[PDB]
Amino acid sequence: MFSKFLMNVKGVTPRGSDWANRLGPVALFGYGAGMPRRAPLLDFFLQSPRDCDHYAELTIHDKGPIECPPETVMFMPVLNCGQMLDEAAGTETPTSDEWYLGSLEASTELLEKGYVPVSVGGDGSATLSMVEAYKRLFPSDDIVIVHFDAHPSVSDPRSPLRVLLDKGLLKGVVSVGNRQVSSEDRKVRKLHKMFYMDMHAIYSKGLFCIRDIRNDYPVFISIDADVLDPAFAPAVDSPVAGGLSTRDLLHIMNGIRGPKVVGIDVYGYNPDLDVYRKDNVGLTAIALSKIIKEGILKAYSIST
Amino acid sequence: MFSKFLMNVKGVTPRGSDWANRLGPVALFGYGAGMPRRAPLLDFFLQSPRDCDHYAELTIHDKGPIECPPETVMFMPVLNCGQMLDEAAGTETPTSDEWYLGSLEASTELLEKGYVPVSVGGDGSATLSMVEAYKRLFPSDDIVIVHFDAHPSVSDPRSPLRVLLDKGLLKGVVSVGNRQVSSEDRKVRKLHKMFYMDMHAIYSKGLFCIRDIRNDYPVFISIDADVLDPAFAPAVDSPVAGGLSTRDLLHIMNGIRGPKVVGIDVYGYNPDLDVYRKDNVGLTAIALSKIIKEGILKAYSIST
Amino acid sequence: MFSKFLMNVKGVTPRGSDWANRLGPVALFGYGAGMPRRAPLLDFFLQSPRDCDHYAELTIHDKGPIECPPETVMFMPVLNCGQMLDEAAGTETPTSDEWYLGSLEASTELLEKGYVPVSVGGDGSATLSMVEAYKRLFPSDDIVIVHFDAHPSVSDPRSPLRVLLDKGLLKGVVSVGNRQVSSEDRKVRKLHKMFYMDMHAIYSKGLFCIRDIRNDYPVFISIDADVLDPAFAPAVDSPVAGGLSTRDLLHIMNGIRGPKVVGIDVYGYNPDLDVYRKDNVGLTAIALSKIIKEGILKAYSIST
Amino acid sequence: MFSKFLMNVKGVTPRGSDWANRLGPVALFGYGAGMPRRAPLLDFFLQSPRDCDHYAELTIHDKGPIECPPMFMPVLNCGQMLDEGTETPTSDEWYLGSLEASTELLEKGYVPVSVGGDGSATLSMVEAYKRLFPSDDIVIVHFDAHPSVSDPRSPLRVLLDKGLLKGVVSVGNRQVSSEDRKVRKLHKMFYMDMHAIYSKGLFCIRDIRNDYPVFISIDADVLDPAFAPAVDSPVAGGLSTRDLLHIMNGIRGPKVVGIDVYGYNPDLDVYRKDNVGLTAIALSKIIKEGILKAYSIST
Amino acid sequence: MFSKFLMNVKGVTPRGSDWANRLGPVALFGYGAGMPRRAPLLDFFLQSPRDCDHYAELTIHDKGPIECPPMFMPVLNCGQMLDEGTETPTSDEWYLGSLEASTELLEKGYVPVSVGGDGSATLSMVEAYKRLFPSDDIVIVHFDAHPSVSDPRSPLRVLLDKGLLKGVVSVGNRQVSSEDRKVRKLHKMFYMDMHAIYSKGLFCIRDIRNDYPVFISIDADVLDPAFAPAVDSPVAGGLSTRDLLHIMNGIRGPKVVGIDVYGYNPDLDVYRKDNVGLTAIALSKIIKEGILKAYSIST
Amino acid sequence: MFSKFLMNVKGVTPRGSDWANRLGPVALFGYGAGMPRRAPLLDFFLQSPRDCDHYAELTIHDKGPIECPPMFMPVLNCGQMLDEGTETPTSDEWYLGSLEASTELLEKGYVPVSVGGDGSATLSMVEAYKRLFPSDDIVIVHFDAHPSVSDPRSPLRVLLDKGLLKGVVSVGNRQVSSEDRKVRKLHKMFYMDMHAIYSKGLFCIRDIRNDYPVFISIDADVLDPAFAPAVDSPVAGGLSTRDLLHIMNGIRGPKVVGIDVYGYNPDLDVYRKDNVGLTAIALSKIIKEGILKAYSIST
Ligand SMILES: [Mn+2]
Ligand SMILES: [Mn+2]
Ligand SMILES: [Mn+2]
Ligand SMILES: [Mn+2]
Ligand SMILES: [Mn+2]
Ligand SMILES: [Mn+2]
């Protein structure tokens, strides 16, 4: 089912010793749980340009060894691991648990090898397995999640974030851009000392006057695409109007401080729900392609 | 023609005495003058979530009696009155005057029963009849209109707003978000002491630094969908680029002060003009669904 | 090929002596290099309303003589020159050089006659020929370009902007809204004292707190449509997410200071790439129609 | 008695026909009610420079005729109301003296500017204007650390109570009592307190919307005691001189009916080693820009 | 010795049962360690007006019982700690005196407010609170131009070192040494220096997020010397009185454990011609709003 | 004559080879033209603390060799130009004295910092630099309440007229005359007046874009008289000390050619009860951060 994906992942050479005490490198793979079988996002992202908002450039490599560039050239090595699902191994459509353990292995592999995992696409359950993987290899390390979502997503006890909280696994969590808050959410937001920046807060209180995010701990970044306004990311199953611009998000992302990025999860993208140009290119693919690129930049250039 | 709609409306139980000196409740109906017969907005709005931007929840009821929830639970009772036009009573397509008197009755009924009327869909002529209805039952009460529109809409002497002004019916009017101002408009804006916030004013002067709207009088809120940027609400017959985000509008809405809301009119939505996702959901329906919800919130939580 | 266009352009009466020492008038034409043969933008713009953001009105005239309105009525005379390409002269599709010399003549003609040229549509090469034309008639005059683009567009030595720089033709250039900056770009940005406002700068540093653009020299305004966010102008071959709102651009445009506008170039629009409403109207056409109108306003009302 | 002062005022030539449909001119005099006989402020201002914050210049004249120039600012010096017996006027003597003086100057076409005093000049000058122009509506922009409407004797409270004002704006209050709030409610007065201004960020106050003729009243104690200590009953946490200068610039209206700068007590000032007081330096600046406003107010 | 002062404090009636689950009441006393025997501040504040910046009013009582009212603010005046032999107490005499006094007042249900001194009152008052409530966590909001943690003798450094604080916020520092930064690192203290505040724009500081009981400590030298010159070792480029007033308003928390206003030296003040000091006017204002905070703190 | 002062300056060891391609070092001296013989400022600053606003520290040396350290800030004290006969130097004596002194210190590799005076030090120091480095272009950032270019005798007007400057920035002007505007036009000088700064909101001034070597000139009267009253001809509505501190921080450039802090007159100051002047406290702070800028200027 995923075999082909995990096999080469296991055959990935660990990061070189030349990478002495410096951030990176970044391993990138496609994850498609809860989403239709056609997952263009990973493939779409790779064809997109390399130049970033900040003055640096991505370099994507299908194979190792990932050489460490001089701490000055501003290249950003990224290991393409391809799509987790092999769109050839029959028409088998993996289970929830089948997706979890598949993702769990990839992250456990890439982390032990020293790479910073960036899952792309999916329904956000990758956030769960990727975080549990990290605390498995680094039980001492504390983790804080900056979670971009229009939904606080902690009501359902099965929700990836709520689970992490329930299992006493997080040092803290920041909820950026919520605009659909329920009674259950408020209760959980109370019970768990959760810092949160709802939309009316962000927009009315400053916009530019965003004092960054003070984080002293390794950071996991998870971005539900519906955090963006439906006019920027319409390819979502649960859209809520009054969201972030792509620029809005790009800004807040840059202000995330911390020692290291434990991993990154960009999800919520459904191609059957997108808004397409006349050349059949979707708005949300254009939006999320940018965000993924700058997410990788944060993994390479995060600080405190 | 509308008969079926008005009949049950007449059979609506007045607000209970339990509602002692407190805001609400809210009655909601569909109005489709000047728009194609298929009016999904009302139906689309009802299927949308109940949780609001601010920490409260809507409750929609097809029937009375609308019990008053404890002044703490944060539920927001809404009486669904359904679509004014009965899409079954032949293919008769009502007249301008036929729409006016139909709307006029509904508002007169719901107001005497104590409900706050919220018209949804249409071309904005509901604003005219709903306001005249209020001043009919409350001739002593002064009224101020916060009017969201890309067009000042007071040039044509037949325009609902201009008529209200011409008939000496308003204590004042605020024009938010205009970006197509004609010579005739400026003349009328002069003649009638009209306060107004054009787009370049709003955007350049603050954005966040919006000192709210100081209103001492009962407020009618009318929102032409074209006040929003065509990228947020493309389903408009007269789009003008450079408008409000859904967030932009949501913000300014929250800063509307006053004793009570006399009524709310959300209009300008044309489904034949919308931009649709691949699952045939329109951008403007997603946008206006949010706005309607928060409009209802203002009726329940307005102050000075 | 273009003959029909240039012929009447040559037969255009020069601006009257009544236009004593005052800004304008404005000549407008359609330019389609690098774009599909169907170029609706010019035609779409003309059907759009006349009223501006600022309190003035456009007047479009197919023929002279362009009378000077009293310095108070706030009318803005615009000479429609029509589409450069005659969509009738066979299916001949002009060359790069064929487009350059065609454009070069039109600008040279209209400038000597006293008009301010505004090219509409195309791939931005009109910027090159229009500027060289101006310095041909006014070799003493210094020129500064305010360039709106998501790409700095100076890497390729053939690029219109880079060429102008390389040929020592500009007093200065301002690059507004870049978000894809390469190594080559940074080198050229260094070598040529180029002032520039990237997207993260604009958005994080102020937004409203934009101290205008201090220009002491005649200004050429060139606007690649991709400076706008793909949600506002998706009809671009190279979209980059995280761009300007139409409002964003409108704002920054207003803050352009200078003695006179040497010319205006609005380009980057590809109808085969647009996002269309259900009535087959494209988002980018709605956006750029507004921008073109306000661009004309700047030519008539620029100052220092 | 003031005797000599009124003589000069009564003998003042009316504004020229060249002045038709132009703002101004400005009549300036010294008023010392509630303050010690030594009132240096008028003299100190006159000694102060002529160039303004905005790019224009004052021109001061002890006598007419005040000709109208094409970017200069003509000012008629009318001198000190009280002349040097040892007469110490009563409240009514100061009132009727000011009321008469202002009534003259208004008819002459000038814009009256009272300097010094305890703020009672505001009462007589507004009453003077509304006596001559009952058709005109009047709005007062009042700069003060105190709402100054508790005491029924207060010039403002009186003006409000006699149904004489279309509205009042209270800028920079930071000592509001229960009684103050009561009066603020019934007379429906807009007000921008100190905690408000600073929290709202001072810069994003472009202006104050106004369509009626404006009277400007500035209790010196609106400024922080570190900028204007020469005040009876000072309240800390006030405006910088720039803060006030800024907010003044944003005052809109057709015309200025008059200006009253008061609250200055030299026996309470903080003096440099050369015996120049901080408050005299501050208020000298403020007065100059008030005059500029009289010449350049608009909507 | 203080003798008489403690007598009154020990004989203070505890808070009424009407006060149950309401913030307050407030106990107020004068503390003069490190300062000359002439300590006018307490008396000066008491003479100052009662109306606050926010719309409420103080009510001062020399004796109980302090009844709980439905928008008034009850304040218990406990008077000057030192009574007029020529006894000049030692550091330990001031410490044990304050420590005892505060321990009493806390048990009585009152919120202690020390006035005057050198900031050593902060030490004893926090220690008093944590002595009675070891379960309670404590966070200190510290206004000072100096981080004041270099000297191991400093009240703050001691409090931190004894593992007594959940956290500390240092607002308005503008003289930070290498040693200061070292201590700031290991004890993980949040701090908002002067260059930060102004560059971040003062207005967009809505509040400071806090869930634990708060002690407020205000070294007077945090204000610019032009607002509070009566300080030993002044540092220019500080807060306006409004600036401080603003930042104070944004202090969040369940309850105020106590307040210490210090750094005031009358021999160093700048005086008006009527011998009233600038710093007394400034700090009199600040003290009033601190009391309002004790009554209206929340989250 | 200055005699002794120049002796020390001429005998100053040049900057070490360790200093190669590093900003600094800094030479500091006292200059007293146009001011009374009692010039406490230099001594007062030297007595003031060493820690800066930004996290670094000054180290002051009366003599060399000034070794280059890996976050300390070496400062060479050159002392008072005038030594205690009763000689009172002429304009030319102060000019040629300063011009010679600065020419030496520049060749030694040091960055000259004049302290005190009437602003004529700006003239000689710039002339000194352009005498040694005609290839270098120079831009002056000038802090002043007066554009100070009306008088053809003014140091700035002279510098401009002799075609010696690539550009000039005038920050904080609030008294602009017709003649000033004329000179501002022809010499094309950028300027940020007071009404501009405050209306533009002070916080959103990240920096000033500049690619040429910078001379920093600070007339003390740019600050509000409530912060710096010790100035001849004060103008109200100026910068807070923080305001100036902030704007200074945003000065960009490759190197600082020199710094001139002037306008301080102790006979005009406002003194605390212990006879310490407000302006000495303010300007002592400002001088320290100027030195930090010399060490940390960039683009
Ligand atoms: Mn979501
Ligand atoms: Mn409209
Ligand atoms: Mn481009
Ligand atoms: Mn007062
Ligand atoms: Mn201190
Ligand atoms: Mn000066």
# chains A, B, ... in the order shown; residues from 1 in each chain; ligands from 1

$ residues_near_ligand --ligand "ligand 6" --cutoff "12 Å" --atoms "only C-alpha atoms and all ligand atoms" --output "PyMOL selection string"
chain F and resi 118-119+142-150+154-156+170-176+217-225+228+230-236+238+261-264

$ residues_near_ligand --ligand "ligand 1" --cutoff "8 Å" --atoms "only C-alpha atoms and all ligand atoms" --output "JSON, numbers by chain"
{"A": [149, 150, 151, 152, 153, 224, 225, 226, 227, 238, 239, 268]}

$ residues_near_ligand --ligand "ligand 3" --cutoff "12 Å" --atoms "only C-alpha atoms and all ligand atoms" --output "JSON, numbers by chain"
{"C": [123, 124, 147, 148, 149, 150, 151, 152, 153, 154, 159, 161, 175, 176, 177, 178, 179, 180, 181, 222, 223, 224, 225, 226, 227, 228, 229, 230, 233, 235, 236, 237, 238, 239, 240, 241, 243, 266, 267, 268, 269]}

$ interface_residues --of "chain B" --to "chain D" --cutoff "8 Å" --atoms "only C-alpha atoms" --output "list in words"
residues 205, 206 and 209 of chain B

$ select_by_dssp --residues "stretch 88-137 of chain C" --states "alpha helix (DSSP H)" --output "MDAnalysis selection string"
chainID C and resid 96:112 126:137

$ closest_atom_pairs --of "chain E" --to "chain D" --cutoff "7 Å" --atoms "only C-alpha atoms" --output "CSV"
residue,atom,partner,partner_atom,distance
E:51,CA,D:175,CA,5.6
E:52,CA,D:175,CA,5.9
E:53,CA,D:174,CA,5.0
E:55,CA,D:176,CA,6.4
E:203,CA,D:199,CA,4.8
E:226,CA,D:226,CA,6.4
E:227,CA,D:226,CA,5.6
E:241,CA,D:237,CA,4.8
E:242,CA,D:237,CA,4.3
E:246,CA,D:195,CA,6.8
E:271,CA,D:270,CA,6.8
E:272,CA,D:270,CA,4.6
E:273,CA,D:268,CA,5.1
E:274,CA,D:268,CA,5.5
E:278,CA,D:226,CA,6.9
E:281,CA,D:236,CA,6.3
E:282,CA,D:236,CA,5.2
E:285,CA,D:236,CA,6.0

$ atom_distance --atom1 "atom CA of residue D:33" --atom2 "atom CA of residue D:290"
20.8 Å

$ interface_residues --of "chain B" --to "chain A" --cutoff "8 Å" --atoms "only C-alpha atoms" --output "number ranges by chain"
B: 51-57, 208, 231-232, 245-248, 250-251, 276-279, 283, 286-287, 290

$ write_last_selection --atoms "C-alpha atoms" --output "CSV table (one decimal), in the first residue's frame"
chain,number,residue,atom,x,y,z
B,51,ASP,CA,-21.5,29.2,16.6
B,52,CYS,CA,-20.7,32.9,16.2
B,53,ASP,CA,-17.5,34.9,16.0
B,54,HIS,CA,-18.3,36.2,19.5
B,55,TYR,CA,-18.8,33.5,22.1
B,56,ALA,CA,-22.5,32.7,21.6
B,57,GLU,CA,-24.8,30.3,19.7
B,208,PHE,CA,-8.3,49.1,13.3
B,231,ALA,CA,-13.2,38.7,-4.6
B,232,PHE,CA,-15.4,38.1,-1.5
B,245,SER,CA,-13.0,41.9,3.3
B,246,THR,CA,-15.7,39.8,5.0
B,247,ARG,CA,-13.5,40.4,8.1
B,248,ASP,CA,-13.4,44.1,7.3
B,250,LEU,CA,-17.6,41.9,10.4
B,251,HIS,CA,-15.3,44.4,12.3
B,276,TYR,CA,-18.8,28.7,-7.5
B,277,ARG,CA,-16.4,26.1,-6.1
B,278,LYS,CA,-16.2,22.7,-7.9
B,279,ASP,CA,-18.9,21.4,-5.6
B,283,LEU,CA,-18.4,32.4,-2.7
B,286,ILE,CA,-20.4,31.6,2.1
B,287,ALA,CA,-19.6,35.2,2.8
B,290,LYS,CA,-21.4,34.6,8.1

$ residues_around --residues "stretch 131-141 of chain B" --least-positions-apart "6" --cutoff "8 Å" --atoms "only C-alpha atoms" --output "PDB file with C-alpha atoms, in the first residue's frame"
ATOM      1  CA  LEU B 104     -44.493  45.682   4.699  1.00  0.00           C
ATOM      2  CA  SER B 107     -42.417  43.538   9.217  1.00  0.00           C
ATOM      3  CA  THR B 108     -45.534  45.174  10.665  1.00  0.00           C
ATOM      4  CA  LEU B 111     -42.655  44.141  14.972  1.00  0.00           C
ATOM      5  CA  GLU B 112     -46.017  44.361  16.750  1.00  0.00           C
ATOM      6  CA  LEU B 164     -36.735  57.677   3.280  1.00  0.00           C
ATOM      7  CA  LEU B 169     -38.192  59.777   7.908  1.00  0.00           C
ATOM      8  CA  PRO B 218     -32.520  52.626  17.218  1.00  0.00           C
ATOM      9  CA  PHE B 220     -31.544  49.752  10.919  1.00  0.00           C
ATOM     10  CA  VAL B 262     -35.185  48.152  14.375  1.00  0.00           C
ATOM     11  CA  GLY B 263     -34.375  45.605  11.670  1.00  0.00           C
TER      12      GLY B 263
END

$ atom_distance --atom1 "atom CA of residue A:67" --atom2 "atom CA of residue A:113"
14.0 Å

$ residues_around --residues "residue D:10" --least-positions-apart "6" --cutoff "9 Å" --atoms "only C-alpha atoms" --output "list in words"
residues 101, 104 and 105 of chain D

$ select_by_dssp --residues "stretch 91-215 of chain D" --states "strand (DSSP E or B)" --output "JSON, numbers by chain"
{"D": [111, 112, 113, 114, 115, 139, 140, 141, 142, 143, 167, 168, 169, 170, 171, 190, 191, 192, 208, 214, 215]}

$ write_last_selection --atoms "C-alpha atoms" --output "PDB file, in the first residue's frame"
ATOM      1  CA  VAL D 111     -11.997  87.665  16.593  1.00  0.00           C
ATOM      2  CA  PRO D 112     -11.509  88.141  20.368  1.00  0.00           C
ATOM      3  CA  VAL D 113      -8.678  86.309  22.144  1.00  0.00           C
ATOM      4  CA  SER D 114      -8.636  86.539  25.935  1.00  0.00           C
ATOM      5  CA  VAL D 115      -5.309  85.769  27.606  1.00  0.00           C
ATOM      6  CA  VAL D 139     -20.109  74.835  20.041  1.00  0.00           C
ATOM      7  CA  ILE D 140     -17.288  75.006  22.577  1.00  0.00           C
ATOM      8  CA  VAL D 141     -14.134  72.908  22.432  1.00  0.00           C
ATOM      9  CA  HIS D 142     -12.996  72.850  26.043  1.00  0.00           C
ATOM     10  CA  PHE D 143      -9.507  71.753  27.065  1.00  0.00           C
ATOM     11  CA  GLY D 167     -22.850  71.285  21.987  1.00  0.00           C
ATOM     12  CA  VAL D 168     -19.649  71.030  24.026  1.00  0.00           C
ATOM     13  CA  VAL D 169     -16.495  68.935  23.665  1.00  0.00           C
ATOM     14  CA  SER D 170     -14.450  68.174  26.778  1.00  0.00           C
ATOM     15  CA  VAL D 171     -10.888  67.199  25.864  1.00  0.00           C
ATOM     16  CA  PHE D 190     -19.061  64.759  23.805  1.00  0.00           C
ATOM     17  CA  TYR D 191     -15.795  64.286  25.684  1.00  0.00           C
ATOM     18  CA  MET D 192     -12.363  62.780  25.093  1.00  0.00           C
ATOM     19  CA  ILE D 208     -13.058  66.674  15.183  1.00  0.00           C
ATOM     20  CA  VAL D 214     -16.336  77.317  17.552  1.00  0.00           C
ATOM     21  CA  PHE D 215     -15.260  78.797  20.858  1.00  0.00           C
TER      22      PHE D 215
END

$ atom_distance --atom1 "atom CA of residue B:4" --atom2 "atom CA of residue B:285"
25.7 Å

$ decode --residues "stretch 133-150 of chain C" --atoms "N, CA, C and O atoms" --output "short mmCIF file (atom, residue, chain, number, x, y, z; two decimals), in the first residue's frame"
data_model
loop_
_atom_site.label_atom_id
_atom_site.label_comp_id
_atom_site.auth_asym_id
_atom_site.auth_seq_id
_atom_site.Cartn_x
_atom_site.Cartn_y
_atom_site.Cartn_z
N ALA C 133 10.36 56.33 -25.65
CA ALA C 133 9.70 57.36 -26.45
C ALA C 133 9.76 58.71 -25.76
O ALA C 133 10.07 59.73 -26.38
N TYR C 134 9.47 58.72 -24.46
CA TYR C 134 9.44 59.95 -23.68
C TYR C 134 10.81 60.61 -23.61
O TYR C 134 10.94 61.82 -23.80
N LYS C 135 11.84 59.81 -23.34
CA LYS C 135 13.19 60.34 -23.24
C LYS C 135 13.72 60.75 -24.62
O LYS C 135 14.72 61.46 -24.72
N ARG C 136 13.05 60.29 -25.67
CA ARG C 136 13.39 60.72 -27.02
C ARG C 136 12.90 62.14 -27.29
O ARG C 136 13.60 62.93 -27.92
N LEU C 137 11.70 62.45 -26.80
CA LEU C 137 11.12 63.78 -26.98
C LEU C 137 11.58 64.72 -25.88
O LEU C 137 11.63 65.94 -26.07
N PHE C 138 11.92 64.15 -24.73
CA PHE C 138 12.34 64.95 -23.57
C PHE C 138 13.62 64.37 -22.97
O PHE C 138 13.59 63.80 -21.88
N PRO C 139 14.75 64.51 -23.68
CA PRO C 139 16.01 63.92 -23.20
C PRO C 139 16.51 64.55 -21.90
O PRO C 139 17.24 63.92 -21.15
N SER C 140 16.11 65.80 -21.66
CA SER C 140 16.49 66.51 -20.45
C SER C 140 15.71 66.03 -19.22
O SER C 140 16.25 65.97 -18.12
N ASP C 141 14.44 65.69 -19.43
CA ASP C 141 13.57 65.26 -18.35
C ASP C 141 14.06 63.97 -17.70
O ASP C 141 14.40 63.00 -18.38
N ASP C 142 14.10 63.97 -16.37
CA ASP C 142 14.39 62.77 -15.61
C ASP C 142 13.11 61.98 -15.37
O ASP C 142 12.03 62.56 -15.27
N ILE C 143 13.23 60.67 -15.27
CA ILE C 143 12.06 59.81 -15.09
C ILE C 143 12.27 58.79 -13.97
O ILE C 143 13.34 58.19 -13.86
N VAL C 144 11.24 58.61 -13.16
CA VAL C 144 11.25 57.59 -12.12
C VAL C 144 10.07 56.64 -12.35
O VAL C 144 8.96 57.08 -12.63
N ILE C 145 10.33 55.34 -12.22
CA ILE C 145 9.28 54.36 -12.42
C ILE C 145 8.82 53.76 -11.10
O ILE C 145 9.62 53.21 -10.34
N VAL C 146 7.52 53.86 -10.84
CA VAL C 146 6.92 53.11 -9.75
C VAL C 146 6.39 51.82 -10.35
O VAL C 146 5.43 51.82 -11.12
N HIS C 147 7.03 50.71 -9.99
CA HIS C 147 6.75 49.44 -10.65
C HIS C 147 6.07 48.47 -9.70
O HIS C 147 6.67 48.01 -8.73
N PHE C 148 4.81 48.16 -9.99
CA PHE C 148 4.06 47.21 -9.19
C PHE C 148 4.14 45.82 -9.82
O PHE C 148 3.67 45.62 -10.94
N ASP C 149 4.72 44.88 -9.09
CA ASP C 149 4.99 43.55 -9.61
C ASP C 149 5.37 42.62 -8.47
O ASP C 149 6.00 43.03 -7.50
N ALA C 150 4.98 41.35 -8.59
CA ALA C 150 5.37 40.35 -7.61
C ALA C 150 6.78 39.87 -7.92
O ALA C 150 7.44 39.25 -7.09
#
